[PDB]
């Protein structure tokens, strides 16, 4: 996408403080709790019946970590998200059949998680920068659908 250098440095700085494994597990878990229809892709994962079951489910945590790790790696290529995520885009379409609306939902939950985590440090300008990034990633992941 297009971030001003001050937006880019805002995103970069905050992300250096993120425990990717922890935030990943939290974001995926909250996605499954707040928007329960997203559970549709994960019934191989065990008990998802209550909020506590979802948040404590080890498969959810593991997958959350895998997703946010790929997300992390994309922050290093903000200039070319589409190229970075082309293969994953294809995979999510052809093999996993994930409606790309799910990427948008996850992006918004991730922003809530960052806000919860960082409190007042997650200022309005920083949120704005992260919104552009998550929209960009969702875009990039949806790009090769057909």
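Residue numbers count along the first chain shown, from 1.
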Worksheet, complete the sentence: Mean B factor on CA atoms, stretches 14-22 and 134-142, record says higher is 14-22
Worksheet item: Looking only at CA atoms, which has the higher mean B factor in the entry: 116-124 or 56-64?
Response: 56-64
Discussion item. Looking at the C-alpha B-factor values in the deposited entry, which of 83, 29, 36, 100 comes out highest?
Written reply: 83
Worksheet item: Whose C-alpha has the highest temperature factor in the PDB entry: 105, 111, 48, 88?
Response: 48
Worksheet item: Looking at the C-alpha B-factor of residue 96, is it in the lowest, middle or highest third of its chain?
Response: lowest
